[PDB]
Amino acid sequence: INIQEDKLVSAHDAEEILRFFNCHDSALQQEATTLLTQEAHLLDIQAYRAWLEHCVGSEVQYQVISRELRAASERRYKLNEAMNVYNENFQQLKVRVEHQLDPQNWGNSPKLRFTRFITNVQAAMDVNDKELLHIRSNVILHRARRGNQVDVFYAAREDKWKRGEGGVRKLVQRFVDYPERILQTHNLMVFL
C-alpha cells in the first residue's frame, strides 16, 4: 500500500497489511484459528485462571486504547493521542482475574453470560523472531446480565503469540484500538 495515494490509510495499518499478504502458510492460519477458538471458549465459560495458565505468557502486554477524535488534517496538536483502557502485564491481569473470582464481587451475582465470535483470522511468523507468531482476528463479544442488560463489543485484535512452558503457544501481546470513542456498554470490563 502507498499511503501517499491511499490517503485514509495509516502507516501502522499499512505495515500490518504487508505482514499477511506475503508468505501465506495455510497450516499456520488453522493453528491460529484453533488457538483463538480455545482461548475464546475459556473466556466464555469464565475460566479466567485457566485462561491465564494456558493462554497468557508471563511477558504479556495486554493493551486496549481509546484514541481521541482529531481532525484528519491535524498536524500541529501533539499531545497524548490515546489513553489506555487496558495496559496490563501478567500480574495486572491476575489482579483483574482475582477481582472477577472474588465472592464479594456483587456484580457477578447472578452469573454473567458471555458469548464470543472470532472471525477473520490471519497468521504470519515474524520475519526476525522465527518463534514469534503474529495473529490478527476480529471479535464480537456479547455480554448479558440481570435479565435485560445486553452489551455488544466489536474490535480488531493485533496479537503476538509465542511458545512458552511445555511448548504451548501463549499470548505475549494483544493490541486493540477500540473503534467506538464513547462506550455505550456501561463499561469495557470484558477481556477482548
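From 1 onward, residues are counted along the sequence shown.
- Here 123 to 131 and 27 to 35 are compared by their mean Cα B-factor, and 123 to 131 comes out higher.
- The deposited model assigns a higher average Cα B-factor to 13 to 21 than to the other stretch when 13 to 21 and 180 to 188 are compared.
- The PDB entry assigns its highest CA temperature factor, among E165, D159, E68, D151, to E165.
- Taking the deposited Cα B-factors for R96, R116, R75, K111, the highest one is held by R75.
- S58: CA B factor lies in the highest third for its chain, per the PDB record.
- For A82, the recorded CA temperature factor ranks within the middle third of the chain's modelled residues.
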